[PDB]
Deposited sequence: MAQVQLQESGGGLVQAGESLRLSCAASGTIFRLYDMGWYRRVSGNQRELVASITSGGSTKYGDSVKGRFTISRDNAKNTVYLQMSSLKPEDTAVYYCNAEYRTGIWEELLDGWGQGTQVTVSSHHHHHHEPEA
């Protein structure tokens, strides 16, 4: 249901579709993760802009991962993304 697009050092992941809310997001090789309330946890620097649902991070493949609900009475789901080359 959700769609995740990655760009490109500077890495950026953006989400679009039919979504209700967005919970913690992350970058996997777990390399980065940011809870919906800024509570980052590494193991670079990671930032998140919740106005546009975007996550930035500043060799191998790197994937993006998000968690979401499509409604208020629905189940928690998580969406993966494509790959990128460093």
Response to the item:
No C-alpha coords for deposited residues 1 to 2, 11 to 19, 41 to 48, 63 to 68, 84 to 91, 120 to 133
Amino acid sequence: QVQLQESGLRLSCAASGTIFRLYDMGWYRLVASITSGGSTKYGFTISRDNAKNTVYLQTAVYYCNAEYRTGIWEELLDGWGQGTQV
From here on, numbers count along this sequence of modelled residues.
Worksheet item: How about residue 50: is it missing in a third or more of the other compared entries?
Response: no
Discussion item. Does the comparison with other PDB entries of this protein show residue 63 lacking coordinates in a third or more of them, where both adjacent residues are built?
Written reply: no
